[PDB]
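1. In their complex positions, the first chains:
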Amino acid sequence: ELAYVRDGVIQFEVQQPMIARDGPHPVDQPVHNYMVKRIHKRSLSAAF
Amino acid sequence: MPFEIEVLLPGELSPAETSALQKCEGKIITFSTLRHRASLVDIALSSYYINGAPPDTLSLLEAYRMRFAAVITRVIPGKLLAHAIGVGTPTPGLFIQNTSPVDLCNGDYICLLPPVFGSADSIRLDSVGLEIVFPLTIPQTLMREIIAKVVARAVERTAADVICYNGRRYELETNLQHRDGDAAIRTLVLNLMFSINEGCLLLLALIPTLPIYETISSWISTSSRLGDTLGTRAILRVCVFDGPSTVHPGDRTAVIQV
Amino acid sequence: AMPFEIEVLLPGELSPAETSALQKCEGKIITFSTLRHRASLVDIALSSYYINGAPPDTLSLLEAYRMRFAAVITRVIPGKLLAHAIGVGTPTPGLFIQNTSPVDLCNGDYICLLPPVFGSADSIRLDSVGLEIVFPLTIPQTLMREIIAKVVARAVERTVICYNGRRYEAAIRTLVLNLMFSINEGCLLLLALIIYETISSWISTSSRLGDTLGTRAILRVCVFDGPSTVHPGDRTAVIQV
Amino acid sequence: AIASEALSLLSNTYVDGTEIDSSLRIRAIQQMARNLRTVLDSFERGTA
């Protein structure tokens, strides 16, 4: 049922690359990325 | 053991603004007084008013030296936590952002000053309507020049702006003056005459080449406070470990209290 | 809250003559440009100071040392170097020092560096590679004013120091090349005021040239278990900042 | 009034026993039947 709806946002996340490291220091490693997108609905038909 | 401040935002306005000010991490505020709690009406322009009048660039400079240094890192879904940077002793390297349009390398000496350059992100509020001001974060050299160039017009506003670096030539703004800006020229009438003495009469004899030892020792001491008493004091310094040697305006930095 | 350690490069196939001098230089003070766990030995030498044919002037060298970081050296592992970096606030290492000064020093006072203007024999002349490293002095901040003022007063006429009971008497001449006129300009400005494109010189040069000689204190000396006063060349413990 | 694309199912139901009978059968029929009851209460009430 993609019929009686208004809008839909499907979001995701992926890890961020950071290999094992050398001598230490404060870095404040990140938290996430969290991008979002949209949906765009269309439709067609044919005459017979 | 770092002293901590709470500037929790109450539940009046819509989260569309706290979500928008989420992007303002690493921005530097400076609290007028000190206590273990604070709020929005206390670190806003409404807190910086005098006589109900908005202070000008000069009147916004002598006041900053009385408030306490603080940086922001977290805007909690309910509150906002900031560290006391003026006197506190934090072992982390306090992460700040370089909003001012001047490129950064490793080893600057960053300072604080008011609304400059042309356009900034001074955001208001809708419901309670509180205007918070953000001292643009710059390095020390161009500030040592802007203080000269602002006294340069101070000596006209009572008695009667484009700076160059990295090939960039940008202006500096100064509104109509108050007659009090009395306050400005007194700083040099103090800073000039004490830098000359009896031992300086020998000085005008060696000029066609281009006890005096006492006048050299005292002259340098005051010379260090001409920019300190008439300007701002640098509080942090750039130290990047495993990043890029080109830190641009608008990007987060990892600096440590001086 | 764990300390910070730097690892530097060292040459190979060396002589057992200079290596003893390296094993003798433990506790001296040296500046660093950028804190990097991979920074070569040439990175901290005069070779990596601003060579423009001649070594960079000790005025700009003082400016660098004020803008550069620093490192205190401890026991050397003869294969390599091991030194504890300072200036940032590294958490609780056992900071000691070898005092690089010919003047007496008391306990509980402050320390800040100054360009070495007496002699560079305390360097390591490694002529096996052709590159030289130069090291500074150490002085209390209550005296640096006088240390610069005496030499500039001597040099203005051509062109004593004491502490705890010690009677001691190129880049030195170029310091006044940006200094002498800033006070004549004040003599003239007193009359000029009681124009606009001139203001950009006096205030700016005063703010640029007053601070570099008004540095802050980054080292205090303190011995809990051992000697109280130091003479040139001893192993005294200290405190950071 | 009842808006279209919701009356699209009420004009006729091409659903011939859909496998998911709780998806668009409850949250529509009940939501509208509430008002189909209140309109009856309208005339039941207006007499007094």
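-> Now that the structure is in, tell me what you want to look at. Residues are numbered from 1 along each chain as shown, chains lettered A, B, ... in the order given.

2. Three-state assignment for residue B:33, please.
-> coil (DSSP: H, G, I helix; E, B strand; the rest coil).

3. Could you find the closest non-adjacent residue to the residue of the stretch 1-150 of chain B found nearest chain C?
-> Per C-beta to the nearest C-beta, the residue of the stretch 1-150 of chain B with the smallest distance to chain C is residue B:148, at 3.6 Å. In this view, the C-beta of every residue, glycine as well, is placed from N, C-alpha and C. Leaving aside its sequence neighbours, residue B:148 sits nearest to residue C:203 (C-beta to C-beta, 6 or more residues apart in numbering or on different chains; 3.6 Å).

4. quick one: contacts for the one you found?
-> Contacts here follow C-beta atoms under 8 Å, 6 or more residues apart in numbering or on different chains; on that basis residue C:203 touches B:147, B:148, B:151, B:152, B:226.

5. burial measure for residue 28, as a count.
-> As the question left the chain open, I've gone with chain A. 11 (other C-beta atoms under 10 Å in any protein chain shown).

6. Not quite, go with chain D.
-> As a burial measure, residue D:28 scores 14 neighbours (other C-beta under 10 Å).

7. Tell me if it really is in a helix.
-> Yes. Counting by three-state DSSP, residue D:28 falls inside a helix.

8. Quick check: the closest residue to it other than its chain neighbours vs chain C, distance?
-> Computed as C-beta to C-beta, 6+ apart, the closest residue to residue D:28 that is not its neighbour in sequence is residue D:6, at 6.4 Å. Per C-beta to the nearest C-beta, to the nearest Å, residue D:6 is found 63 Å from chain C.

9. ranges for the strands of chain D?
-> Applying DSSP state E to chain D gives no strands.

10. At which residues are the helices of it located?
-> Residue ranges of the helices in chain D, as given by DSSP state H, are D:7-11, D:26-46.

11. which stretch of helix or strand covers the residue in chain B that chain C sits nearest to?
-> Nearest residue of chain B to chain C: residue B:223, at 2.7 Å (C-beta to the nearest C-beta). Per DSSP states H and E, residue B:223 falls inside helix B:212-229.

12. next one is chain E, place it on the structure:
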Amino acid sequence: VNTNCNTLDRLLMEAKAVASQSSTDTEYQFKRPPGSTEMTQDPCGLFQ
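-> The block that follows adds chain E to the chains above:
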């Protein structure tokens, strides 16, 4: 305030706890020190 056309009858809610307006322990009648927390009542300040 721009809400003066965002409503029709706001009179009711805007006279409950409008914050204090004056000194509360001073030896005279001073202006409200900014660190005041009192949200008091004021009939007159509504009807003028």
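
13. rewinding a little: the helix holding residue B:223: how far from the chain's middle?
-> Relative to its chain's centre, helix B:212-229 lies at 23 Å (C-alpha atoms, centre = their mean, to the nearest Å).

14. got the angle between it and helix B:186-193?
-> Interaxial angle, helix B:212-229 versus helix B:186-193 (axes from the mean of the first three to the mean of the last three C-alpha atoms, to 10 degrees): 160 degrees.

15. Just want the angle from helix B:212-229 to strand B:109-113.
-> Using the same axes, to 10 degrees: helix B:212-229 against strand B:109-113 is 60 degrees.

16. List, one by one, the residues from chain E near chain B.
-> Contacts of chain E with chain B, taken as C-beta under 8 Å from any C-beta of the partner chain, map to E:1, E:34, E:35.

17. In contact with the last one, which residues are there?
-> Neighbouring residues of residue E:35 by C-beta under 8 Å, 6+ apart: residue B:42.

18. quick one, strands of chain E?
-> Shown for chain E, the strands assigned by DSSP E span residues E:18-19, E:39-40.

19. wait, which of those is closest to residue E:26?
-> Of all the strands of chain E, it is strand E:39-40 that lies closest to residue E:26, at 15.9 Å by C-beta to C-beta.

20. Now find how far off-centre that closest one is within its chain.
-> Distance of strand E:39-40 from the chain centroid (C-alpha atoms, centre = their mean) equals 7 Å.

21. which other helices and strands contact it?
-> Other elements packing on strand E:39-40 under the criterion 3 or more C-beta pairs under 8 Å, 6 or more residues apart in numbering or on different chains; DSSP states H and E are strand E:18-19.

22. Which neighbours in the sheet does the strand it packs on have, and how are they oriented?
-> Strand pairing for strand E:18-19, using DSSP bridges, gives strand E:39-40 (antiparallel).

23. Run a quick neighbour tally on the residue of chain D found nearest chain B.
-> Minimum separation of chain D from chain B (C-beta to the nearest C-beta) falls at residue D:27, amounting to 27.3 Å. By other C-beta under 10 Å, 11 other residues sit near residue D:27.
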